[PDB]
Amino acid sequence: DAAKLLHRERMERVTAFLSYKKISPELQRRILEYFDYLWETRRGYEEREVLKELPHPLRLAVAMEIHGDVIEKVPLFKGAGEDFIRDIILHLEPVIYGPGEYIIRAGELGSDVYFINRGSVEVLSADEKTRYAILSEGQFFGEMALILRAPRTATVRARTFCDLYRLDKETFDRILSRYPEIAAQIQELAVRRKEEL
């Protein structure tokens, strides 16, 4: 069947590409390991480009069904109301991180925020000699950069394979200003996290 059969073929080209510039065995394995994870988690199907078919209301509906877990697992996302969920659901970008991979490095100027569906990460100091926290499902990170209007306060490494939902700075900012009650909670956590650290 179709991309049963098309997703098996994009790795055929990518692997060929990896051999021709002779990519290190370690990196090649990472890439193959990523695509194996992609094919079994999402079936490597462009949820990007089949939702593109649908009109707003039907994409909204589908998105809220396939991505229902994260609203659920995150205490801040539930009790937020239907309003909030509809407003943010189409802006939560699913992203996969391999074990040991760096999501955020302390000192960077990014302000994207990440929500943990599946997996766990570690929050580290800049020299990586200190571990401040392990974070897992229902918890989020990357919020302090925008709220404290500062560079990344810490380094965040995936401890395992991670299903994360990335929320861009603009939407994050837009959402923060549109929901003060939720914004107050995130702001307080951020200060709580920085009068720690």
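One-based numbering along the sequence shown.
Higher mean CA temperature factor between 101-109 and 72-80: 72-80, per the PDB entry. Stretches 120-128 and 81-89 differ in mean C-alpha B factor, with the higher average recorded for 81-89.
The top Cα temperature factor in the record, among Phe140, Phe172, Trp39, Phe161, falls on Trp39.
The deposited CA B-factor of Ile182 belongs to the middle third of values across its chain. Annotation for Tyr165: C-alpha temperature factor in the lowest third relative to the rest of the modelled chain, per the entry. Per the deposited record, the Cα B-factor of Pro57 falls in the lowest third when ranked against the other modelled residues of its chain.
Looking at the C-alpha B-factors along this chain, the one for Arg152 belongs to the lowest third. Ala190: CA B factor in the lowest third of modelled residues in this chain (values from the PDB entry).
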